[PDB]
Each structure stands twice: as C-alpha cells, then as structure tokens.
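K.L.:
Let me begin by handing over the structure; questions about it come next.
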Amino acid sequence: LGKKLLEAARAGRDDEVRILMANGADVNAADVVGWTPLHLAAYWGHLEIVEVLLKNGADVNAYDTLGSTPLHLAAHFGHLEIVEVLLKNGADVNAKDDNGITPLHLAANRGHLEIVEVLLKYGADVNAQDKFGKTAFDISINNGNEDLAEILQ
Amino acid sequence: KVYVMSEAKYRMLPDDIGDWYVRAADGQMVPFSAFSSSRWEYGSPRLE
Amino acid sequence: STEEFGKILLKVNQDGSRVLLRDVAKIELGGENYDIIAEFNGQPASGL
C-alpha cells in the first residue's frame with residue numbers, strides 16, 4: 001500500500017497520491033535506498049504532490065541511507081518552487097548527508113542562482129564545509145561561476 | 001579465463017565501499033571514504 | 001562542457017593554491033581539423 005504511494009509520488013500521478021493517503025498509506029514509507037514519497041516528488045520535480053505530502057504530515061527532514069533529504073534533491077536539480085515549499089514547512093536548510101554536503105553545496109555546484117538566494121534567506125551557513133573542507137564559495141571559484149561567487153562574497 | 005572480484009559479502013552494501021583500501025605512494029593504506037563522496041540518483045538500465 | 005575541462009586540476013602548489021587546465025590553456029569547442037573551409041557564393045558554408 002505504501003509501495004503504491006512511492007510509485008505514484010515518483011510517476012507524478014497527482015490524483016492517485018490523494019486517493020492512497022485517504023486509505024492512510026505510510027507517507028514516510030521508505031524504498032530500498034531509503035527514499036520517501038517526498039524524496040521521489042522532490043527529485044522528479046512534482047510540486048503539487050510535494051505540497052499534498054507535507055499537508056498530510058510527511059517527515060520534511062526524512063533522510064536516505066546516505067543522509068540526503070528531499071531539500072538536497074530539490075536544491076541540486078533546480079526545483080525553485082519545491083525548495084521554497086520545503087523550507088516553508090521547516091526543512092533543515094543546513095542539513096548534511098554522510099559526506100557533509102548541504103543543499104547550498106549542491107545548488108551552488110549546479111549554479112542554480114535563484115535557489116542559492118532562497119537557501120541563504122533561510123540562514124544557510126555559507127562557511128559550512130563538506131568532508132573535503134569545501135564551502136559553496138570554494139565551489140563557485142573552482143566552477144568559475146563569478147555571478148554565484150558575488151552572492152557568497 | 002581468470003577473474004578477480006570481491007567476495008559477494010564485501011560488495012552488497014553501500015557501507016562496504018569504505019572497507020576497500022588503496023595504497024598511496026608514501027606506502028600508507030587509504031580507505032575509499034577518505035577521497036570519495038557518494039549519493040543516490042536515477043539512471044537508465046537499458047539505453048535504446 | 002569547456003567549463004568542466006577548464007576546472008581539471010593539473011596540480012596543487014606547496015602553498016595550497018590550485019593549478020587548473022584553464023590557467024595554462026584556452027578551452028573552446030573547435031574543429032578536429034581547421035583544414036577544410038567552404039563558401040557558397042562567398043558566404044560562410046559547410047556541406048556533404
């Protein structure tokens with residue numbers, strides 16, 4: 001039953017996600033790798049389902065077997081609307097995976113300038129380091145994205 | 001043929017990556033965890 | 001992309017400063033050869 005929700009949240013079947021959670025299917029149902037419906041919704045870029053899942057009380061700081069949150073995925077894959085909705089629903093902006101990588105690190109690395117500003121707005125630690133001691137600035141300088149490096153001083 | 005490969009039990013879990021050590025020039029053994037980061041993503045198992 | 005080739009790390013200096021490929025080279029998309037150039041009525045062109 002919770003399996004159907006994982007598959008439906010991934011597929012973007014907005015209609016089926018509501019029908020399944022009307023039968024009280026586990027909204028924090030994890031797959032083999034530890035991905036919730038909110039992970040699959042954040043990754044594949046389903047805004048309507050992300051909201052519907054969070055309004056039905058989905059763990060916003062749910063983490064996979066490597067410590068990646070839906071915010072990690074949303075930020076990394078240039079999903080501006082989903083990042084905002086997640087952060088509005090109290091998603092740890094300074095969340096770290098098993099590598100020490102943050103939603104800012106990922107957004108910064110792919111050069112999603114709009115998302116970086118939204119993350120900083122909610123108090124994203126700019127000096128936050130990964131396991132290799134790299135900031136979002138270190139990334140921008142190495143990438144040579146001077147537009148992004150300006151925002152992080 | 002002669003095939004070298006990990007015994008099944010040492011290549012089943014993502015956490016087994018860190019159990020694998022490589023020898024540096026200075027002679028010290030370095031775990032994969034020291035110089036590598038990992039994350040889950042989606043890709044095709046059959047590209048047409 | 002040229003962006004990814006540019007940030008290839010050649011070496012790190014003793015003072016911890018990085019030497020990237022873009023610090024010793026220009027990185028652009030360009031012909032395998034610049035040997036064959038065609039014009040159609042004096043206008044820049046390719047063909048088969």
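Labeling convention for the structure tokens: chains A, B, ... as they appear, residues from 1 per chain, ligands from 1 in order of appearance.
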Which residues come within 9 Å of stretch 27-33 of chain C, counting only C-alpha atoms, excluding same-chain residues fewer than 4 positions away, as a list in words?
P.N.:
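Contacts, with the query itself left out: residues 1, 2, 3, 5, 6, 21 and 22 of chain C.
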K.L.:
Taking only C-alpha atoms into account, which residues of chain C are within 10 Å of chain A, as a VMD selection string?
P.N.:
chain C and resid 3 to 4 6 to 9 18 20
K.L.:
Using only C-alpha atoms, which residues sit within 12 Å of residue A:120 once same-chain residues fewer than 6 positions away are excluded, as number ranges by chain?
P.N.:
A: 83-84, 87, 93-94, 102-105, 107-108, 113-114, 126-128, 136, 151-152
K.L.:
For the residues in that selection, give me N, CA, C and O atoms as a PDB file, in the first residue's frame.
P.N.:
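Ended up saving to part_26.pdb:
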ATOM      1  N   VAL A  83      11.863  23.825  -3.365  1.00  0.00           N
ATOM      2  CA  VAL A  83      12.827  24.297  -2.323  1.00  0.00           C
ATOM      3  C   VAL A  83      12.087  25.232  -1.357  1.00  0.00           C
ATOM      4  O   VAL A  83      12.225  25.040  -0.132  1.00  0.00           O
ATOM      5  N   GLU A  84      11.335  26.199  -1.895  1.00  0.00           N
ATOM      6  CA  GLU A  84      10.558  27.201  -1.113  1.00  0.00           C
ATOM      7  C   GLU A  84       9.528  26.479  -0.234  1.00  0.00           C
ATOM      8  O   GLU A  84       9.530  26.725   0.989  1.00  0.00           O
ATOM      9  N   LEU A  87      11.203  24.532   2.585  1.00  0.00           N
ATOM     10  CA  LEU A  87      11.773  25.492   3.571  1.00  0.00           C
ATOM     11  C   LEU A  87      10.647  26.163   4.371  1.00  0.00           C
ATOM     12  O   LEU A  87      10.861  26.423   5.571  1.00  0.00           O
ATOM     13  N   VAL A  93      17.721  23.657   6.544  1.00  0.00           N
ATOM     14  CA  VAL A  93      18.456  24.320   5.424  1.00  0.00           C
ATOM     15  C   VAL A  93      19.945  23.955   5.508  1.00  0.00           C
ATOM     16  O   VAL A  93      20.602  23.929   4.446  1.00  0.00           O
ATOM     17  N   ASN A  94      20.450  23.687   6.718  1.00  0.00           N
ATOM     18  CA  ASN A  94      21.870  23.336   6.995  1.00  0.00           C
ATOM     19  C   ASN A  94      22.028  21.813   7.109  1.00  0.00           C
ATOM     20  O   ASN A  94      23.066  21.373   7.647  1.00  0.00           O
ATOM     21  N   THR A 102      25.657  19.923   1.834  1.00  0.00           N
ATOM     22  CA  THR A 102      24.417  20.655   2.212  1.00  0.00           C
ATOM     23  C   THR A 102      23.623  21.001   0.953  1.00  0.00           C
ATOM     24  O   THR A 102      24.158  20.938  -0.150  1.00  0.00           O
ATOM     25  N   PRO A 103      22.323  21.363   1.072  1.00  0.00           N
ATOM     26  CA  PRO A 103      21.540  21.826  -0.076  1.00  0.00           C
ATOM     27  C   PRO A 103      22.180  23.003  -0.832  1.00  0.00           C
ATOM     28  O   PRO A 103      22.004  23.080  -2.037  1.00  0.00           O
ATOM     29  N   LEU A 104      22.894  23.882  -0.119  1.00  0.00           N
ATOM     30  CA  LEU A 104      23.620  25.040  -0.711  1.00  0.00           C
ATOM     31  C   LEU A 104      24.763  24.521  -1.591  1.00  0.00           C
ATOM     32  O   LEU A 104      24.823  24.930  -2.766  1.00  0.00           O
ATOM     33  N   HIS A 105      25.622  23.655  -1.040  1.00  0.00           N
ATOM     34  CA  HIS A 105      26.748  22.989  -1.754  1.00  0.00           C
ATOM     35  C   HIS A 105      26.272  22.491  -3.122  1.00  0.00           C
ATOM     36  O   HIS A 105      26.958  22.771  -4.124  1.00  0.00           O
ATOM     37  N   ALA A 107      23.125  23.063  -4.842  1.00  0.00           N
ATOM     38  CA  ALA A 107      22.541  24.188  -5.612  1.00  0.00           C
ATOM     39  C   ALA A 107      23.666  25.034  -6.220  1.00  0.00           C
ATOM     40  O   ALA A 107      23.584  25.357  -7.421  1.00  0.00           O
ATOM     41  N   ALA A 108      24.680  25.364  -5.412  1.00  0.00           N
ATOM     42  CA  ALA A 108      25.862  26.174  -5.794  1.00  0.00           C
ATOM     43  C   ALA A 108      26.651  25.464  -6.899  1.00  0.00           C
ATOM     44  O   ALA A 108      27.054  26.142  -7.866  1.00  0.00           O
ATOM     45  N   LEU A 113      21.242  29.856  -9.294  1.00  0.00           N
ATOM     46  CA  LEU A 113      21.492  31.163  -8.621  1.00  0.00           C
ATOM     47  C   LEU A 113      20.275  31.563  -7.775  1.00  0.00           C
ATOM     48  O   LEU A 113      20.480  32.076  -6.656  1.00  0.00           O
ATOM     49  N   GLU A 114      19.062  31.337  -8.294  1.00  0.00           N
ATOM     50  CA  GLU A 114      17.777  31.689  -7.630  1.00  0.00           C
ATOM     51  C   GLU A 114      17.619  30.873  -6.340  1.00  0.00           C
ATOM     52  O   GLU A 114      17.200  31.462  -5.326  1.00  0.00           O
ATOM     53  N   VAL A 126      27.038  29.773   5.116  1.00  0.00           N
ATOM     54  CA  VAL A 126      27.899  29.937   3.903  1.00  0.00           C
ATOM     55  C   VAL A 126      29.265  29.287   4.158  1.00  0.00           C
ATOM     56  O   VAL A 126      29.873  28.804   3.183  1.00  0.00           O
ATOM     57  N   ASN A 127      29.719  29.281   5.414  1.00  0.00           N
ATOM     58  CA  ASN A 127      31.054  28.769   5.828  1.00  0.00           C
ATOM     59  C   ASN A 127      30.999  27.252   6.047  1.00  0.00           C
ATOM     60  O   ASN A 127      32.077  26.662   6.258  1.00  0.00           O
ATOM     61  N   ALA A 128      29.802  26.650   6.006  1.00  0.00           N
ATOM     62  CA  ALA A 128      29.571  25.192   6.154  1.00  0.00           C
ATOM     63  C   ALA A 128      30.488  24.427   5.193  1.00  0.00           C
ATOM     64  O   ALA A 128      30.504  24.764   3.993  1.00  0.00           O
ATOM     65  N   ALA A 136      30.597  26.693  -0.306  1.00  0.00           N
ATOM     66  CA  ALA A 136      29.858  26.988  -1.555  1.00  0.00           C
ATOM     67  C   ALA A 136      30.653  27.996  -2.397  1.00  0.00           C
ATOM     68  O   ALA A 136      30.507  27.976  -3.634  1.00  0.00           O
ATOM     69  N   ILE A 151      27.477  36.525  -4.809  1.00  0.00           N
ATOM     70  CA  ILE A 151      26.355  36.373  -3.831  1.00  0.00           C
ATOM     71  C   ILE A 151      26.918  35.863  -2.496  1.00  0.00           C
ATOM     72  O   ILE A 151      26.363  36.240  -1.445  1.00  0.00           O
ATOM     73  N   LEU A 152      27.980  35.049  -2.543  1.00  0.00           N
ATOM     74  CA  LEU A 152      28.633  34.427  -1.357  1.00  0.00           C
ATOM     75  C   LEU A 152      29.856  35.254  -0.923  1.00  0.00           C
ATOM     76  O   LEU A 152      30.624  34.756  -0.075  1.00  0.00           O
TER      77      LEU A 152
END
K.L.:
List every residue of chain A that DSSP, applied to the backbone of this structure, assigns to alpha helix (DSSP H), and report them as number ranges by chain.
P.N.:
A: 2-11, 14-21, 37-44, 47-55, 70-76, 80-88, 103-110, 113-121, 136-143, 146-151
K.L.:
Identify all chain A residues at most 8 Å from chain B by counting only C-alpha atoms; ligands do not count. Present them as a list in words.
P.N.:
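On the chain A side, the interface is residues 33, 66, 68 and 99 of chain A.
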K.L.:
Could those selected residues go to a file with C-alpha atoms, as a compact mmCIF listing (two decimals), in the first residue's frame?
P.N.:
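Output file out.txt is given in full below:
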# COMPACT_ATOMS: atom_id res chain seq x y z
CA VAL A 33 17.75 3.11 -0.76
CA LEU A 66 23.45 8.19 2.73
CA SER A 68 20.31 13.05 1.70
CA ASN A 99 29.60 13.34 3.06
K.L.:
Quick one: pull the distance between atom CA of residue A:124 and atom CA of residue A:98, Å, one decimal.
P.N.:
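Interatomic distance here is 18.0 Å.
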K.L.:
Skip residue A:30 itself and residues of its chain fewer than 4 positions away, then list as a list in words all residues within 12 Å of it, counting only C-alpha atoms.
P.N.:
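Using only C-alpha atoms, the neighbours found are residues 2, 3, 4, 5, 6, 7, 25, 26, 34, 35, 36, 37, 38, 39, 40, 58, 59, 62, 63, 64 and 65 of chain A.
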K.L.:
Near residue A:130, within 6 Å and counting only C-alpha atoms, which residues show up once chain neighbours fewer than 2 positions away are dropped, as an NGL selection string?
P.N.:
:A and (100-101 or 132-134)
K.L.:
I want to know what sits within 12 Å of residue A:48, based on only C-alpha atoms, with residues of the same chain fewer than 5 positions away left out; could you give that as an MDAnalysis selection string?
P.N.:
chainID A and resid 9 12:15 17:18 38 41:42 53:55 81:82 85
K.L.:
Please write the residues from the selection above to a file, keeping C-alpha atoms, as a compact mmCIF listing (two decimals), in the first residue's frame.
P.N.:
# COMPACT_ATOMS: atom_id res chain seq x y z
CA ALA A 9 4.71 10.05 -5.99
CA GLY A 12 3.62 12.35 -10.69
CA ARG A 13 0.09 10.80 -10.57
CA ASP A 14 -1.40 13.74 -8.51
CA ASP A 15 -4.89 12.06 -8.43
CA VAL A 17 -1.43 10.19 -4.31
CA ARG A 18 -4.56 11.75 -2.64
CA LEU A 38 8.70 13.30 -0.68
CA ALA A 41 8.49 14.03 -5.54
CA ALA A 42 11.45 16.43 -4.83
CA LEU A 53 2.53 15.03 1.02
CA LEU A 54 3.62 17.80 3.50
CA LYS A 55 -0.08 18.80 4.16
CA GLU A 81 9.14 26.15 -6.17
CA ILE A 82 9.80 22.83 -4.28
CA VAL A 85 7.62 24.85 -0.14
K.L.:
Which value, in Å to one decimal, gives the distance between atom CA of residue A:10 and atom CA of residue A:22?
P.N.:
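Going from atom CA of residue A:10 over to atom CA of residue A:22, I get 18.1 Å.
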K.L.:
Expressed in Å to a single decimal, how great is the separation between atom CA of residue C:16 and atom CA of residue A:137?
P.N.:
16.2 Å
